[PDB]
Amino acid sequence: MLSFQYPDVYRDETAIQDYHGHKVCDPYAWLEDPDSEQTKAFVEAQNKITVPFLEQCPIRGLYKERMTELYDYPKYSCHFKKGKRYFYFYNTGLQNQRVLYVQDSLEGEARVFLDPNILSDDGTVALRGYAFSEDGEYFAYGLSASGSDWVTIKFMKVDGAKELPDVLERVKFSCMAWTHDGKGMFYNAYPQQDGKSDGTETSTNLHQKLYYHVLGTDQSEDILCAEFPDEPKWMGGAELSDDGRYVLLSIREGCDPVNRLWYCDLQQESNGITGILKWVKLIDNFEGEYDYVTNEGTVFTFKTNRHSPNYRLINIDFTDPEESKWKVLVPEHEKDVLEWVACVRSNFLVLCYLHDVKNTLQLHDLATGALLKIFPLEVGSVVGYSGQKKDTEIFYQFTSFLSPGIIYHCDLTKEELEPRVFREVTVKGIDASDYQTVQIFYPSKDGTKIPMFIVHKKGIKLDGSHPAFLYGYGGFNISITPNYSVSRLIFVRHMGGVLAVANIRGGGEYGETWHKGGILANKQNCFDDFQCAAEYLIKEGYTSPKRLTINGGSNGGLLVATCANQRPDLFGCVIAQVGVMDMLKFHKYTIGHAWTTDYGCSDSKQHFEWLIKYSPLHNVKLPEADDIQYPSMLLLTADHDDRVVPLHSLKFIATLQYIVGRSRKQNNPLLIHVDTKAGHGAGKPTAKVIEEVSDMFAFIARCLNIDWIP
Ligand SMILES: *C(=O)[C@@H]1CCCN1C(=O)[C@@H]1CCCN1C(=O)OCc1ccccc1
């Protein structure tokens with residue numbers, strides 16, 4: 001297996017930092033600098049041993065070809081109306097980036113509106129955010145290069161798809177909202193910083209400001225409408241009310257589902273948007289989330305979690321703002337999470353609920369909050385929707401582990417609502433009938449029942465002989481719901497695998513209580529939940545530790561890496577994608593400061609104590625038992641991942657290779673693959689996606705010696 005030698009990596013034994021009396025050495029701290037010749041050489045040497053290992057087993061070629069075939073199917077988004085025209089995204093099958101089409105009529109012939117594919121040879125320039133003007137005659141869109149979060153906003157005139165000269169730079173984590181007068185658009189921008197701003201830098205992002213750009217002018221003329229010099233981490237996103245009268249400002253600090261809500265009655269501005277707006281601080285604290293749904297005059301309907309962990313809808317009247325006066329339009333459910341709400345056809349509300357990690361869709365009346373219609377859906381997730389206040393119809397996209405996805409449409413003007421299939425594509429190759437998805441609830445260490453989805457071929461023997469791929473995230477109120485993955489189904493069909501997704505704490509599956517159940521002092525709950533999920537699959541005979549693979553990305557990357565350190569005996573293979581590995585320094589880079597709401601910060605003595613116990617980078621240790629070694633490990637990252645700076649994986653792999661790799665008993669490989677012209681994941685071209693999943697399953701195939709099944 002290991003027919004190579006790990007690269008010689010220098011250890012700076014003098015790099016020792018004090019954390020409230022706790023001294024920690026950081027010998028690979030030099031890897032934090034992406035531009036040095038030393039780090040560049042480290043990356044080059046790592047990939048030099050990783051690549052040949054991945055490409056050696058012919059299985060990679062078989063998987064790649066099979067993925068190219070199965071992934072080649074029509075992928076559409078929901079149709080959405082803007083002005084007098086309809087729009088929808090569409091990928092014929094293997095295009096690197098999906099294309100935006102336009103058609104003047106629902107029955108009319110569509111034409112390409114914007115094709116990101118012609119902007120680069122390798123499809124590494126992608127659309128990241130967009131917003132049409134209220135009348136739908138002007139379009140603003142963001143473009144990111146090589147997977148970076150940095151955006152450049154460009155403009156177009158819809159009629160004739162004419163390119164405009166307006167160009168906005170230094171845009172990141174930005175809103176995009178046109179004022180209804182059609183004069184300009186609000187957006188967020190960061191101050192000028194030394195060094196690079198292309199996604200390879202590690203520089204922290206602070207002092208984000210809200211600007212307003214007048215169409216037809218240079219960015220230098222942009223009006224500063226809001227800023228927080230005393231609070232560097234505050235981020236203010238703007239949006240216009242459905243009636244265009246109010247600018248709603250949602251200020252966030254961190255990643256908790258909470259925000260301050262300030263508003264500006266545009267009718268009350270002296271003479272238009274000329275500077276800092278006359279903000280009325282309706283909700284001036286970070287105690288709850290207030291998500292704007294719609295308003296009728298001064299009565300604003302918001303989805304909130306204020307003393308409602310599963311979320312509810314409340315009406316706040318600007319003329320009588322006190323909390324005791326707020327009306328509860330749609331009360332919180334005792335268990336089901338209200339994920340999102342949209343207002344359509346003037347007085348209808350589309351409510352989407354998460355019931356035991358499965359979605360439901362319902363139409364409610366705006367005035368009373370009363371349920372009017374239940375849109376029939378199978379076991380899966382709603383991952384697409386269209387229907388604004390002025391629209392008279394809705395489109396919604398449904399998907400599941402076994403179904404590619406069905407797009408439904410419903411004309412809301414009709415007396416009797418008849419929802420119908422608008423678009424449905426099937427993947428000829430993966431016969432859904434041959435598989436089944438079962439949901440179970442297993443007890444974690446403390447007794448808490450945790451949901452887990454298992455996908456496998458029908459009629460398999462539970463004798464523990466099957467390879468398994470267990471996925472998890474566990475954090476930031478993110479719910480891991482059913483989704484169609486061609487890559488995972490190939491593992492099932494062509495590698496005889498068992499798929500599993502553990503809905504561990506930290507996620508939003510059971511509201512804010514579920515979220516708080518996997519954060520700060522209780523982050524260990526996440527790891528414990530996932531480890532118990534692994535034990536469940538083993539105990540119940542779905543797989544065995546030597547046949548088990550665990551995967552996670554970003555916060556899930558931390559999940560799988562930590563689980564490798566804590567229970568190396570439970571897994572055969574671990575694939576950690578773009579993970580947070582250095583829990584003591586994560587807050588120092590790019591947007592890392594925002595994650596402290598989930599992890600805490602090492603600056604605090606109390607937080608450091610939680611963090612030091614699980615930080616992957618600080619817990620690599622040779623297993624005590626002679627018959628126990630670390631499982632095979634593959635860390636995937638990229639040089640433009642400015643969300644989770646690559647240094648996390650660089651320092652981690654260097655530590656794994658030195659501490660564990662050098663031991664005799666370590667026969668399983670510990671590798672890293674750093675991709676070029678790629679970032680955290682969003683906007684990654686189809687070509688790179690296929691290369692990535694091929695590397696993953698080939699690594700698994702080679703390490704567990706799995707035969708490909710034709
Ligand atoms: C992947 O899990 C990484 C590392 C841990 C958190 N995280 C993120 O990408 C988080 C959670 C999803 C969104 N996110 C994030 O940092 O978004 C940037 C941001 C935007 C607006 C306010 C604060 C942060």
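The way this entry was determined, per its header, is X-ray crystallography, 2.0 Å.
A Cβ is built for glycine as well, from the same backbone N, Cα and C atoms used for every other residue.
The feature N-acetylmethionine is assigned by Swiss-Prot to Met1, with similarity to another entry given as support. What Swiss-Prot lists as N6-acetyllysine is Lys157. What Swiss-Prot lists as active site, charge relay system is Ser554, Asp641, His680.
Checking each of the recorded positions (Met1, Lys157, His680) against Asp641 (active site, charge relay system), the C-alpha distance stays within 10 Å for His680. Here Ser554 (active site, charge relay system) is positioned 38 angstrom away from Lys157 (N6-acetyllysine), judged by their C-alpha atoms. The Cβ neighbour count for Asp641 (active site, charge relay system), using a 10 Å radius and every protein chain shown, is 29. Screening the recorded positions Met1, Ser554, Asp641, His680 for a C-beta under 6 A from any atom of ligand 1 leaves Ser554.
Here the recorded positions are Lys157, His680, and the one whose Cβ sees the fewest other Cβ atoms within 10 Å is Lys157.
The Cβ neighbour count for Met1 (N-acetylmethionine), using a 10 Å radius over every protein chain in view, is 11. The Cβ of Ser554 (active site, charge relay system) lies under 8 Å from the Cβ of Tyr473, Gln577, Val578, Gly579, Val580, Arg643, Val644, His680, each on the same chain and at least six residues away in sequence.
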